[PDB]
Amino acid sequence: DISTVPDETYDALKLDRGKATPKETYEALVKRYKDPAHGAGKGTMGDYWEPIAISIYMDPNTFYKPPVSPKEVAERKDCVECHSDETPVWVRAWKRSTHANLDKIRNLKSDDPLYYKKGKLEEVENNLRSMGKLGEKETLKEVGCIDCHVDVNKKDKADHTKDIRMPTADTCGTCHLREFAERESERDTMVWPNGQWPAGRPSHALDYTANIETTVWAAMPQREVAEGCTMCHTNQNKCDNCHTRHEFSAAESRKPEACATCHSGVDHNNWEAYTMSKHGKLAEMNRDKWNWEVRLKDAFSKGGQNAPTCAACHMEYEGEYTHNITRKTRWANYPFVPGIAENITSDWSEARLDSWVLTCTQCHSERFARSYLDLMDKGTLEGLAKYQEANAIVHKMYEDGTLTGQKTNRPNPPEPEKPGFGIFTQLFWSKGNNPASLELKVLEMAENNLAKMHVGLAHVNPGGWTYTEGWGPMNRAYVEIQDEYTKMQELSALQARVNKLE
């Protein structure tokens, strides 16, 4: 059995957790993982776009083919020797990794805080035995270039032009079945009571699917712009965004900087809000003091950690840590999504709130944490209200067909998109007066400024929901919406007068 995997994942896979072997669990997970009906491949709008050169790295299972050169055949040691010259730093990083030094882990003693790693090594080996990639008496020797890029525990030559692969999540999960299972279980735990978002979303398990099933990403002609979106949405496909290649250090994936490249910016500024809170500034001041090498479960005891981090908050669930980051999500970043606000007081939300409270009480009293979490929920709704009021105005204009160029210069978005008011596509595509300025402004008000306000509140950065983000920027958008609307009403009256004069 895999003790950290949710019942609902065994249920989804029609497996018996008391019975299933690693081999069977792996195979069921991968069948779902590779299936178009479950998100794999080019998705529903695949006819509208083609890969660019970098996509072979972004979605290897769909696009990757080995290079035509070099036309060489190689064994395990030749990977290392030739690459030691052709990609020298990859060889140096790999040599420094746990992957290349398995005997070290084997020789760990039980008074070593890293001792947990030897259990993990034995679990990996048992997984490989169940898959018959490893003899029941064989030790895993190393995890080398040939293993990840060709076939696990490969004993013979590989043809460079045929056998080379980019390791995808299913490759890693050959050994690391637990992590890969915990990750894939997001598909089964992130289910909204009223379908506020699609089942399994948002999550790392479906981030790629989410990217390619976005209308504007499929429809727009600026492929290189769109592929920067893909760069932030590759977790589903590859496991090296938090603990990067070729070091693959868990210590690294535990630092807040691991999450920042993706979890930042104008519509979800978590990096910015976290780093500026007391929590983040303490983590900056104290990073030199913590032992980042200990597992998350030991961070606060053995690690010395005394301020919270992204991984410690978001991987934690009921006093345990897994790669599933979805089990406490309530607001999901965009407070305006239909049904999210309405759901905030539900029993489902309240159990998830209780889970958060537990997280925070690693340090704060329950009372303190509940006090602050109430302020987050309510502050979030107050920003939502301010937005809703501005939207009523511009949205009226739309129904009346009175937005600038609306009836005169509003060309349709690229296929397969459908024309509409304030739609996500208008953030990545514009032509003529599609969108109008007021339309974009109320759109960004919700997308950017309300989301950032909620991020700031959730991440305990006061300036990030008051002066600097959230409220001040929303305030400005409201003021400029009201102001334009009045001018437009006045110009509309002045025009009425001029017909009447003729």
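For every residue, the number given is its place in the sequence shown, counted from 1.
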Mind pulling up the entry and telling me whether 395 to 403 or 380 to 388 has the higher mean Cα temperature factor? 395 to 403
Averaging C-alpha B-factors over each stretch, which comes out higher, 144 to 152 or 127 to 135? 127 to 135
Using the entry's values, work out which of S277, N107, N270, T209 has the largest Cα B factor. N107
If I read the C-alpha B-factors straight from the PDB entry, which of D59, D35, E469, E447 is highest? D35
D240: CA B-factor among chain residues, third -> lowest
Thinking about Cα B factors across the chain, which third does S249 belong to? lowest
Which third of the chain holds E72 when residues are ordered by C-alpha B factor: lowest, middle or highest? highest
For the chain shown, is the CA B-factor of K42 in the lowest, middle or highest third of its modelled residues? middle
Using the temperature factors of the C-alpha atoms in this entry, rank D354 within its chain: lowest, middle or highest third. middle
